[PDB]
Every structure is written in structure tokens, then in C-alpha cells.
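*Asks:* Sharing run.pdb here; it has PDB, C-alpha atoms and all ligand atoms.
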```
ATOM      1  CA  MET U   1       0.000   0.000   0.000  1.00  0.00           C
ATOM      2  CA  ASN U   2       0.791   3.732  -0.239  1.00  0.00           C
ATOM      3  CA  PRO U   3       0.774   5.270   3.314  1.00  0.00           C
ATOM      4  CA  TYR U   4      -1.292   8.334   2.251  1.00  0.00           C
ATOM      5  CA  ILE U   5      -3.841   6.226   0.282  1.00  0.00           C
ATOM      6  CA  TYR U   6      -4.069   3.944   3.360  1.00  0.00           C
ATOM      7  CA  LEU U   7      -4.480   7.101   5.535  1.00  0.00           C
ATOM      8  CA  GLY U   8      -7.320   8.285   3.206  1.00  0.00           C
ATOM      9  CA  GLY U   9      -8.883   4.835   3.680  1.00  0.00           C
ATOM     10  CA  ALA U  10      -8.571   5.187   7.475  1.00  0.00           C
ATOM     11  CA  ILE U  11     -10.238   8.666   7.289  1.00  0.00           C
ATOM     12  CA  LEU U  12     -12.986   7.141   5.066  1.00  0.00           C
ATOM     13  CA  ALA U  13     -13.397   4.212   7.529  1.00  0.00           C
ATOM     14  CA  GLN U  14     -13.715   6.687  10.439  1.00  0.00           C
ATOM     15  CA  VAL U  15     -16.414   8.676   8.534  1.00  0.00           C
ATOM     16  CA  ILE U  16     -18.391   5.557   7.503  1.00  0.00           C
ATOM     17  CA  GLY U  17     -17.892   3.785  10.868  1.00  0.00           C
ATOM     18  CA  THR U  18     -19.024   6.668  13.094  1.00  0.00           C
ATOM     19  CA  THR U  19     -22.067   7.300  10.846  1.00  0.00           C
ATOM     20  CA  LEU U  20     -22.926   3.579  10.510  1.00  0.00           C
ATOM     21  CA  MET U  21     -22.568   3.013  14.287  1.00  0.00           C
ATOM     22  CA  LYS U  22     -24.691   6.113  14.947  1.00  0.00           C
ATOM     23  CA  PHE U  23     -27.440   4.789  12.631  1.00  0.00           C
ATOM     24  CA  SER U  24     -27.131   1.208  14.050  1.00  0.00           C
ATOM     25  CA  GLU U  25     -27.208   2.423  17.696  1.00  0.00           C
ATOM     26  CA  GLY U  26     -25.191  -0.617  18.796  1.00  0.00           C
ATOM     27  CA  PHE U  27     -24.336  -3.850  16.986  1.00  0.00           C
ATOM     28  CA  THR U  28     -27.461  -4.645  14.914  1.00  0.00           C
ATOM     29  CA  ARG U  29     -26.501  -6.401  11.689  1.00  0.00           C
ATOM     30  CA  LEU U  30     -23.707  -8.979  12.092  1.00  0.00           C
ATOM     31  CA  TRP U  31     -21.783  -8.491   8.820  1.00  0.00           C
ATOM     32  CA  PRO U  32     -21.793  -4.626   9.130  1.00  0.00           C
ATOM     33  CA  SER U  33     -20.803  -4.979  12.837  1.00  0.00           C
ATOM     34  CA  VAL U  34     -17.860  -7.363  12.205  1.00  0.00           C
ATOM     35  CA  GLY U  35     -16.835  -5.359   9.078  1.00  0.00           C
ATOM     36  CA  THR U  36     -16.878  -2.081  11.063  1.00  0.00           C
ATOM     37  CA  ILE U  37     -14.606  -3.641  13.743  1.00  0.00           C
ATOM     38  CA  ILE U  38     -12.248  -4.974  11.003  1.00  0.00           C
ATOM     39  CA  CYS U  39     -12.091  -1.543   9.248  1.00  0.00           C
ATOM     40  CA  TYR U  40     -11.245   0.107  12.591  1.00  0.00           C
ATOM     41  CA  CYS U  41      -8.625  -2.609  13.351  1.00  0.00           C
ATOM     42  CA  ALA U  42      -7.058  -1.940   9.906  1.00  0.00           C
ATOM     43  CA  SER U  43      -7.161   1.831  10.664  1.00  0.00           C
ATOM     44  CA  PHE U  44      -5.598   1.250  14.137  1.00  0.00           C
ATOM     45  CA  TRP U  45      -2.835  -0.883  12.534  1.00  0.00           C
ATOM     46  CA  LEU U  46      -1.675   2.165  10.489  1.00  0.00           C
ATOM     47  CA  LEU U  47      -1.151   4.171  13.732  1.00  0.00           C
ATOM     48  CA  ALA U  48       0.913   1.244  15.160  1.00  0.00           C
ATOM     49  CA  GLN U  49       3.032   1.163  11.947  1.00  0.00           C
ATOM     50  CA  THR U  50       3.588   4.975  12.221  1.00  0.00           C
ATOM     51  CA  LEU U  51       4.405   4.813  15.994  1.00  0.00           C
ATOM     52  CA  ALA U  52       7.957   6.249  16.010  1.00  0.00           C
ATOM     53  CA  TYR U  53       7.724   8.233  12.743  1.00  0.00           C
ATOM     54  CA  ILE U  54       5.649  11.039  14.327  1.00  0.00           C
ATOM     55  CA  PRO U  55       4.920  11.683  18.108  1.00  0.00           C
ATOM     56  CA  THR U  56       1.973   9.346  18.842  1.00  0.00           C
ATOM     57  CA  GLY U  57      -0.238  11.246  21.347  1.00  0.00           C
ATOM     58  CA  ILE U  58      -0.347  14.549  19.442  1.00  0.00           C
ATOM     59  CA  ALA U  59      -0.698  12.701  16.080  1.00  0.00           C
ATOM     60  CA  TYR U  60      -3.706  10.626  17.279  1.00  0.00           C
ATOM     61  CA  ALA U  61      -5.371  13.708  18.823  1.00  0.00           C
ATOM     62  CA  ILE U  62      -4.910  15.809  15.627  1.00  0.00           C
ATOM     63  CA  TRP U  63      -6.184  12.934  13.409  1.00  0.00           C
ATOM     64  CA  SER U  64      -9.188  12.271  15.723  1.00  0.00           C
ATOM     65  CA  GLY U  65     -10.033  16.012  15.991  1.00  0.00           C
ATOM     66  CA  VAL U  66      -9.784  16.469  12.207  1.00  0.00           C
ATOM     67  CA  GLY U  67     -11.959  13.328  11.782  1.00  0.00           C
ATOM     68  CA  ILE U  68     -14.832  14.387  14.097  1.00  0.00           C
ATOM     69  CA  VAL U  69     -14.800  17.959  12.669  1.00  0.00           C
ATOM     70  CA  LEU U  70     -14.913  16.422   9.143  1.00  0.00           C
ATOM     71  CA  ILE U  71     -17.796  14.063  10.186  1.00  0.00           C
ATOM     72  CA  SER U  72     -19.671  17.013  11.726  1.00  0.00           C
ATOM     73  CA  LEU U  73     -19.017  19.170   8.601  1.00  0.00           C
ATOM     74  CA  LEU U  74     -20.300  16.394   6.285  1.00  0.00           C
ATOM     75  CA  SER U  75     -23.400  16.007   8.536  1.00  0.00           C
ATOM     76  CA  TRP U  76     -23.902  19.830   8.534  1.00  0.00           C
ATOM     77  CA  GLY U  77     -23.775  19.875   4.694  1.00  0.00           C
ATOM     78  CA  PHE U  78     -26.276  16.992   4.596  1.00  0.00           C
ATOM     79  CA  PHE U  79     -28.636  19.029   6.873  1.00  0.00           C
ATOM     80  CA  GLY U  80     -28.045  21.998   4.522  1.00  0.00           C
ATOM     81  CA  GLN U  81     -25.015  23.744   2.995  1.00  0.00           C
ATOM     82  CA  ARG U  82     -24.128  27.046   4.722  1.00  0.00           C
ATOM     83  CA  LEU U  83     -21.212  29.488   4.340  1.00  0.00           C
ATOM     84  CA  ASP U  84     -21.437  29.909   8.115  1.00  0.00           C
ATOM     85  CA  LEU U  85     -18.865  30.354  10.913  1.00  0.00           C
ATOM     86  CA  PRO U  86     -18.528  26.744  12.339  1.00  0.00           C
ATOM     87  CA  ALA U  87     -18.158  25.303   8.804  1.00  0.00           C
ATOM     88  CA  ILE U  88     -15.546  27.962   7.857  1.00  0.00           C
ATOM     89  CA  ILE U  89     -13.636  27.508  11.178  1.00  0.00           C
ATOM     90  CA  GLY U  90     -13.902  23.694  10.727  1.00  0.00           C
ATOM     91  CA  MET U  91     -12.221  23.933   7.310  1.00  0.00           C
ATOM     92  CA  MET U  92      -9.501  26.181   8.827  1.00  0.00           C
ATOM     93  CA  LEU U  93      -8.962  23.625  11.642  1.00  0.00           C
ATOM     94  CA  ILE U  94      -8.616  20.781   9.081  1.00  0.00           C
ATOM     95  CA  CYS U  95      -6.138  22.893   7.028  1.00  0.00           C
ATOM     96  CA  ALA U  96      -4.177  23.738  10.219  1.00  0.00           C
ATOM     97  CA  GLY U  97      -4.179  19.998  11.161  1.00  0.00           C
ATOM     98  CA  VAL U  98      -2.795  18.995   7.728  1.00  0.00           C
ATOM     99  CA  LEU U  99      -0.107  21.711   8.059  1.00  0.00           C
ATOM    100  CA  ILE U 100       0.702  20.683  11.681  1.00  0.00           C
ATOM    101  CA  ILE U 101       1.171  17.006  10.621  1.00  0.00           C
ATOM    102  CA  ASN U 102       3.805  18.204   8.064  1.00  0.00           C
ATOM    103  CA  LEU U 103       5.483  20.339  10.789  1.00  0.00           C
ATOM    104  CA  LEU U 104       5.402  17.403  13.288  1.00  0.00           C
ATOM    105  CA  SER U 105       6.805  15.076  10.578  1.00  0.00           C
ATOM    106  CA  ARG U 106       9.634  17.492   9.614  1.00  0.00           C
ATOM    107  CA  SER U 107      10.484  18.182  13.297  1.00  0.00           C
ATOM    108  CA  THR U 108      10.783  14.392  13.762  1.00  0.00           C
ATOM    109  CA  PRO U 109      14.092  13.004  12.282  1.00  0.00           C
ATOM    110  CA  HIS U 110      13.179  10.539   9.490  1.00  0.00           C
TER     111      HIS U 110
ATOM    112  CA  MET J   1     -23.037   6.159  40.027  1.00  0.00           C
ATOM    113  CA  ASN J   2     -20.953   9.399  40.065  1.00  0.00           C
ATOM    114  CA  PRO J   3     -20.618  10.559  36.382  1.00  0.00           C
ATOM    115  CA  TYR J   4     -17.696  12.966  37.015  1.00  0.00           C
ATOM    116  CA  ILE J   5     -15.614  10.101  38.520  1.00  0.00           C
ATOM    117  CA  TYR J   6     -16.657   7.836  35.577  1.00  0.00           C
ATOM    118  CA  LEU J   7     -15.492  10.464  33.025  1.00  0.00           C
ATOM    119  CA  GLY J   8     -12.120  10.767  34.859  1.00  0.00           C
ATOM    120  CA  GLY J   9     -11.826   6.958  34.771  1.00  0.00           C
ATOM    121  CA  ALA J  10     -12.734   6.865  31.053  1.00  0.00           C
ATOM    122  CA  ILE J  11      -9.962   9.406  30.283  1.00  0.00           C
ATOM    123  CA  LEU J  12      -7.526   7.459  32.528  1.00  0.00           C
ATOM    124  CA  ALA J  13      -8.331   4.196  30.689  1.00  0.00           C
ATOM    125  CA  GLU J  14      -7.486   5.871  27.340  1.00  0.00           C
ATOM    126  CA  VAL J  15      -4.246   7.419  28.718  1.00  0.00           C
ATOM    127  CA  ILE J  16      -3.135   4.031  30.131  1.00  0.00           C
ATOM    128  CA  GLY J  17      -4.240   2.346  26.820  1.00  0.00           C
ATOM    129  CA  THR J  18      -2.205   4.829  24.717  1.00  0.00           C
ATOM    130  CA  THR J  19       0.745   4.324  27.135  1.00  0.00           C
ATOM    131  CA  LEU J  20       0.433   0.516  26.705  1.00  0.00           C
ATOM    132  CA  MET J  21       0.149   0.987  22.908  1.00  0.00           C
ATOM    133  CA  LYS J  22       3.434   2.959  22.850  1.00  0.00           C
ATOM    134  CA  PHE J  23       5.073   0.440  25.281  1.00  0.00           C
ATOM    135  CA  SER J  24       3.975  -2.431  22.975  1.00  0.00           C
ATOM    136  CA  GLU J  25       6.313  -1.096  20.189  1.00  0.00           C
ATOM    137  CA  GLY J  26       4.693  -2.277  16.910  1.00  0.00           C
ATOM    138  CA  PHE J  27       2.865  -5.160  18.640  1.00  0.00           C
ATOM    139  CA  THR J  28       6.174  -6.745  19.802  1.00  0.00           C
ATOM    140  CA  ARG J  29       5.301  -6.980  23.530  1.00  0.00           C
ATOM    141  CA  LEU J  30       2.546  -9.630  23.938  1.00  0.00           C
ATOM    142  CA  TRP J  31       1.237  -8.909  27.479  1.00  0.00           C
ATOM    143  CA  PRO J  32       1.001  -5.071  27.067  1.00  0.00           C
ATOM    144  CA  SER J  33      -0.610  -5.707  23.640  1.00  0.00           C
ATOM    145  CA  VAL J  34      -3.361  -7.858  25.252  1.00  0.00           C
ATOM    146  CA  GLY J  35      -3.784  -5.183  27.984  1.00  0.00           C
ATOM    147  CA  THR J  36      -4.012  -2.415  25.322  1.00  0.00           C
ATOM    148  CA  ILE J  37      -7.161  -3.963  23.766  1.00  0.00           C
ATOM    149  CA  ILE J  38      -8.860  -4.239  27.177  1.00  0.00           C
ATOM    150  CA  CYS J  39      -7.938  -0.655  28.234  1.00  0.00           C
ATOM    151  CA  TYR J  40      -9.356   0.987  25.074  1.00  0.00           C
ATOM    152  CA  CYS J  41     -12.528  -1.185  25.255  1.00  0.00           C
ATOM    153  CA  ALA J  42     -12.923  -0.280  28.955  1.00  0.00           C
ATOM    154  CA  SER J  43     -12.452   3.438  28.028  1.00  0.00           C
ATOM    155  CA  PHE J  44     -15.187   3.072  25.359  1.00  0.00           C
ATOM    156  CA  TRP J  45     -17.522   1.363  27.894  1.00  0.00           C
ATOM    157  CA  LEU J  46     -16.849   4.026  30.599  1.00  0.00           C
ATOM    158  CA  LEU J  47     -17.463   6.682  27.923  1.00  0.00           C
ATOM    159  CA  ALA J  48     -20.745   4.905  26.945  1.00  0.00           C
ATOM    160  CA  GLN J  49     -21.833   5.096  30.623  1.00  0.00           C
ATOM    161  CA  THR J  50     -20.772   8.803  30.691  1.00  0.00           C
ATOM    162  CA  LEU J  51     -22.731   9.795  27.538  1.00  0.00           C
ATOM    163  CA  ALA J  52     -26.077   9.116  29.242  1.00  0.00           C
ATOM    164  CA  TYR J  53     -25.296  11.916  31.750  1.00  0.00           C
ATOM    165  CA  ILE J  54     -22.826  14.350  30.084  1.00  0.00           C
ATOM    166  CA  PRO J  55     -23.476  15.421  26.399  1.00  0.00           C
ATOM    167  CA  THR J  56     -21.053  14.406  23.586  1.00  0.00           C
ATOM    168  CA  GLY J  57     -19.406  17.789  22.865  1.00  0.00           C
ATOM    169  CA  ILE J  58     -19.232  18.752  26.549  1.00  0.00           C
ATOM    170  CA  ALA J  59     -17.584  15.377  27.306  1.00  0.00           C
ATOM    171  CA  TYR J  60     -15.211  15.756  24.314  1.00  0.00           C
ATOM    172  CA  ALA J  61     -14.139  19.262  25.478  1.00  0.00           C
ATOM    173  CA  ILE J  62     -13.296  17.918  28.984  1.00  0.00           C
ATOM    174  CA  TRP J  63     -11.547  14.877  27.413  1.00  0.00           C
ATOM    175  CA  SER J  64      -9.538  17.141  25.054  1.00  0.00           C
ATOM    176  CA  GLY J  65      -8.325  19.480  27.835  1.00  0.00           C
ATOM    177  CA  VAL J  66      -7.650  16.988  30.650  1.00  0.00           C
ATOM    178  CA  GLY J  67      -6.276  14.008  28.665  1.00  0.00           C
ATOM    179  CA  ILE J  68      -3.529  15.678  26.595  1.00  0.00           C
ATOM    180  CA  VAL J  69      -1.608  16.830  29.719  1.00  0.00           C
ATOM    181  CA  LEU J  70      -1.749  13.334  31.285  1.00  0.00           C
ATOM    182  CA  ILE J  71      -0.453  11.490  28.169  1.00  0.00           C
ATOM    183  CA  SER J  72       2.199  14.251  27.653  1.00  0.00           C
ATOM    184  CA  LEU J  73       3.490  13.756  31.238  1.00  0.00           C
ATOM    185  CA  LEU J  74       3.757   9.975  30.645  1.00  0.00           C
ATOM    186  CA  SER J  75       5.393  10.667  27.213  1.00  0.00           C
ATOM    187  CA  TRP J  76       8.187  12.637  28.914  1.00  0.00           C
ATOM    188  CA  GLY J  77       8.211  10.224  31.915  1.00  0.00           C
ATOM    189  CA  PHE J  78       8.568   6.833  30.216  1.00  0.00           C
ATOM    190  CA  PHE J  79       9.258   7.524  26.502  1.00  0.00           C
ATOM    191  CA  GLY J  80      11.791  10.393  26.907  1.00  0.00           C
ATOM    192  CA  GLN J  81      10.313  12.966  24.500  1.00  0.00           C
ATOM    193  CA  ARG J  82       9.557  16.703  24.748  1.00  0.00           C
ATOM    194  CA  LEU J  83       6.881  18.761  22.932  1.00  0.00           C
ATOM    195  CA  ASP J  84       8.493  20.945  20.199  1.00  0.00           C
ATOM    196  CA  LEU J  85       7.102  24.240  18.723  1.00  0.00           C
ATOM    197  CA  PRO J  86       4.443  22.830  16.238  1.00  0.00           C
ATOM    198  CA  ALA J  87       3.308  20.284  18.859  1.00  0.00           C
ATOM    199  CA  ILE J  88       2.734  23.160  21.360  1.00  0.00           C
ATOM    200  CA  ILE J  89       0.679  25.018  18.686  1.00  0.00           C
ATOM    201  CA  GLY J  90      -1.167  21.703  18.018  1.00  0.00           C
ATOM    202  CA  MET J  91      -2.030  21.427  21.733  1.00  0.00           C
ATOM    203  CA  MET J  92      -3.291  25.068  21.646  1.00  0.00           C
ATOM    204  CA  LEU J  93      -5.372  24.199  18.537  1.00  0.00           C
ATOM    205  CA  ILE J  94      -6.803  21.063  20.264  1.00  0.00           C
ATOM    206  CA  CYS J  95      -7.599  22.992  23.491  1.00  0.00           C
ATOM    207  CA  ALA J  96      -9.215  26.062  21.883  1.00  0.00           C
ATOM    208  CA  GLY J  97     -10.629  24.333  18.740  1.00  0.00           C
ATOM    209  CA  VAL J  98     -13.239  22.256  20.576  1.00  0.00           C
ATOM    210  CA  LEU J  99     -14.483  25.357  22.461  1.00  0.00           C
ATOM    211  CA  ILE J 100     -14.888  27.585  19.349  1.00  0.00           C
ATOM    212  CA  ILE J 101     -16.575  24.828  17.238  1.00  0.00           C
ATOM    213  CA  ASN J 102     -18.886  23.869  20.143  1.00  0.00           C
ATOM    214  CA  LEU J 103     -19.756  27.580  20.746  1.00  0.00           C
ATOM    215  CA  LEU J 104     -20.563  28.455  17.103  1.00  0.00           C
ATOM    216  CA  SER J 105     -22.121  25.109  16.019  1.00  0.00           C
ATOM    217  CA  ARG J 106     -25.867  25.102  15.262  1.00  0.00           C
ATOM    218  CA  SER J 107     -28.389  22.643  16.858  1.00  0.00           C
ATOM    219  CA  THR J 108     -29.179  19.192  15.367  1.00  0.00           C
ATOM    220  CA  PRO J 109     -32.557  19.172  13.495  1.00  0.00           C
ATOM    221  CA  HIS J 110     -33.725  15.673  14.541  1.00  0.00           C
TER     222      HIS J 110
HETATM  223  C1  LIG U 201     -15.635   5.235  21.065  1.00  0.00           C
HETATM  224  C2  LIG U 201     -16.956   5.645  20.940  1.00  0.00           C
HETATM  225  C3  LIG U 201     -17.251   6.996  20.726  1.00  0.00           C
HETATM  226  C4  LIG U 201     -16.239   8.007  20.616  1.00  0.00           C
HETATM  227  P1  LIG U 201     -16.588   9.810  20.315  1.00  0.00           P
HETATM  228  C5  LIG U 201     -15.476  10.279  18.905  1.00  0.00           C
HETATM  229  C6  LIG U 201     -15.464   9.543  17.666  1.00  0.00           C
HETATM  230  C7  LIG U 201     -14.566   9.846  16.635  1.00  0.00           C
HETATM  231  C8  LIG U 201     -13.634  10.867  16.787  1.00  0.00           C
HETATM  232  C9  LIG U 201     -13.617  11.621  17.963  1.00  0.00           C
HETATM  233  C10 LIG U 201     -14.520  11.339  19.000  1.00  0.00           C
HETATM  234  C11 LIG U 201     -18.388   9.960  19.857  1.00  0.00           C
HETATM  235  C12 LIG U 201     -18.816  10.442  18.576  1.00  0.00           C
HETATM  236  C13 LIG U 201     -20.175  10.476  18.208  1.00  0.00           C
HETATM  237  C14 LIG U 201     -21.143  10.022  19.096  1.00  0.00           C
HETATM  238  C15 LIG U 201     -20.784   9.541  20.349  1.00  0.00           C
HETATM  239  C16 LIG U 201     -19.436   9.536  20.738  1.00  0.00           C
HETATM  240  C17 LIG U 201     -16.178  10.701  21.891  1.00  0.00           C
HETATM  241  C18 LIG U 201     -14.942  10.491  22.595  1.00  0.00           C
HETATM  242  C19 LIG U 201     -14.664  11.105  23.816  1.00  0.00           C
HETATM  243  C20 LIG U 201     -15.580  11.980  24.391  1.00  0.00           C
HETATM  244  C21 LIG U 201     -16.782  12.255  23.740  1.00  0.00           C
HETATM  245  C22 LIG U 201     -17.083  11.625  22.519  1.00  0.00           C
HETATM  246  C23 LIG U 201     -14.893   7.509  20.733  1.00  0.00           C
HETATM  247  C24 LIG U 201     -14.604   6.167  20.961  1.00  0.00           C
END
```
Produce C-alpha cells that represent the structure in this file.
Ligand SMILES: c1ccc([P+](c2ccccc2)(c2ccccc2)c2ccccc2)cc1

*Replies:*
Amino acid sequence: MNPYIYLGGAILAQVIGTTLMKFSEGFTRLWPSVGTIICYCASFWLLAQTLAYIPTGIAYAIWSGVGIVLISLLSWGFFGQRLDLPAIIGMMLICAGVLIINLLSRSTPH
Amino acid sequence: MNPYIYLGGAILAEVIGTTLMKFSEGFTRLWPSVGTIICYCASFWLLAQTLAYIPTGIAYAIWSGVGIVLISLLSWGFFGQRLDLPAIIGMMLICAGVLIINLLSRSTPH
């Protein structure tokens, strides 16, 4: 795999998984439930493979924060698309997170 | 039960889980790896108990502020690393980002 394509897959898995679990309200359908756990385990594996390459606690927090803001922003657009302050600030936060991951990566000896 | 104590325990379970996940070094240590799975699942369960008494964004704001300091202290303590300039800005972004998004976000329709 490519580590950024795999990261995009992990972001996609987080978006689908949170939404699917929210709709399900628990484990309802067995194949969705097992598949959701497997997609999260595959996503978690990428963090374990990237353990020393970037500082773990800050990296997880930035990825998680970007993820829930992205999930909320996608849900907000589904409710109705607004050029409003939380959506604008959410995009700025995601852009700052992407920039901060580069800065964390380049302040970590490769 | 006491929900404030449960939330503190839920955060502690994540911080210990993340500490075990770093200690496990790419899944090489078997017994911390087994403990890691249990600690995150326990954190999720304690969080599930919490989110019947403290709302999701309110809980996330507390989790974001309290938890980062605790894992950072352990990160210096056992893994010998210091927060550099972009990591400090990242911590500021995590701390203030939840508050501004939660303040300016608009209510769910359903
Ligand atoms: C397990 C179950 C729920 C959460 P989260 C959350 C999900 C994704 C990214 C960031 C946060 C949540 C999301 C939507 C509905 C309910 C719960 C979560 C974590 C800590 C504190 C509050 C909320 C976390 C782990």
C-alpha cells in the first residue's frame, strides 16, 4: 500500500464507521458490525506502523479532531449547505491539522 | 453512580491504553498488547456510561483538555520525549478548537 492512500482509507473508515454506528445504535446487523470492527482494526494498525515516525499522542489527537470535525461538517452539509462560521472555522482547523502534521513530521528526524 | 468520577476513569483508561500501545512497540510486547485492547474497550464502555449523563461535545471538550496533559506527562516520563514548537501550537489548537466549534455550532434538526 501507499501510506497516504491507506491514511485516506482510514479517514474514510472513520467517517463511515461513526455514521454507521450512529445509525445502528449498537451492533445490529452482524456483517456490518464485524466489518466495522475490522475496518477500525485496519485503521488502528496504520497508527501502530507509524508509531515512532511522528509523536503518537499529538498525532492521534490531531487525526481524531480532524476526523470528528470532518464528520460534523459532512453532517452539517447533509442538513443543509451554509457558508457559516462553524463550517468555515472547521475547514480552517482541518487545514491547520494537515499543516501541523507536516510540521510534526519534519520536526521528527526521518 | 458518580458521572464525574466515571469520566475521569474513562480518560484514565485511554491514557493508560495509549501508554500501553506505545510500550507495545509495533505489537512486539505480547502482554502489554493484550492489555491495550482491554484498556481501550474499557475506556469506550466508561465513555458509553458517561454519555447518558454528560453530552457528547461537553464530554469531548473535557476529554480534550484533561487528557492531553496526562499522556504528555507519561510521554516525557517513560518515553523520553519533549513537545516541540508545532506540537505546542497543536495542543493550543486542540484545546481552543473544541471550544470555538462547540460555541458556534448550530443545533441538530432531529
Ligand atoms: C468510542 C466511541 C465513541 C467516541 P466519540 C469520537 C469519535 C470519533 C472521533 C472523535 C470522538 C463519539 C462520537 C459520536 C457520538 C458519540 C461519541 C467521543 C470520545 C470522547 C468523548 C466524547 C465523545 C470515541 C470512541

*Asks:* May I ask for the distance between CA of residue 79 (chain J) and CA of residue 41 (chain J), given in Å to one decimal place?

*Replies:*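 Going from CA of residue 79 (chain J) over to CA of residue 41 (chain J) covers 23.5 Å.
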
*Asks:* Can you check which parts of chain U lie within 8 Å of ligand LIG 201 (chain U)? Per residue, the shortest pair of atoms and distance in Å to one decimal, counting all atoms listed in the file, sorted by chain and number, as a tab-separated table.

*Replies:*
```
residue	atom	partner	partner_atom	distance
U:14	CA	U:LIG201	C7	7.0
U:18	CA	U:LIG201	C6	6.5
U:22	CA	U:LIG201	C14	6.7
U:64	CA	U:LIG201	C8	4.8
U:65	CA	U:LIG201	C9	6.0
U:67	CA	U:LIG201	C8	5.8
U:68	CA	U:LIG201	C8	4.6
```

*Asks:* Near region 71-78 of chain J, within 9 Å and counting all atoms listed in the file, which residues show up once chain neighbours fewer than 3 positions away are dropped, as a list in words?

*Replies:*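 Once the adjacent positions are removed, what remains is residues 57 and 58 of chain U; 15, 16, 18, 19, 23, 67, 68, 81, 82 and 83 of chain J.
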
*Asks:* Could you expand the PyMOL selection byres (((chain J and resi 89) around 12) and not hetatm) into the explicit residues it covers here, written as number ranges by chain?

*Replies:* U: 58, 62, 96-97, 99-101, 103-104; J: 83-88, 90-97

*Asks:* To box region 43-59 of chain J, take all atoms listed in the file, fit an axis-aligned box, add 3 Å on each side, and give centre and edge lengths in Å to one decimal, as JSON.

*Replies:*
```
{"center_x": -19.3, "center_y": 10.1, "center_z": 27.3, "size_x": 19.6, "size_y": 23.4, "size_z": 14.9}
```

*Asks:* So, with only C-alpha atoms as the atoms that count, which of J:37, J:42, J:12, J:1 lies closest to chain U?

*Replies:* J:37

*Asks:* Smallest atom-to-atom distance to residue 5 (chain J): which of J:47, J:38, J:69, J:61, using only C-alpha atoms?

*Replies:*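 Closest to residue 5 (chain J) of all the choices is J:47.
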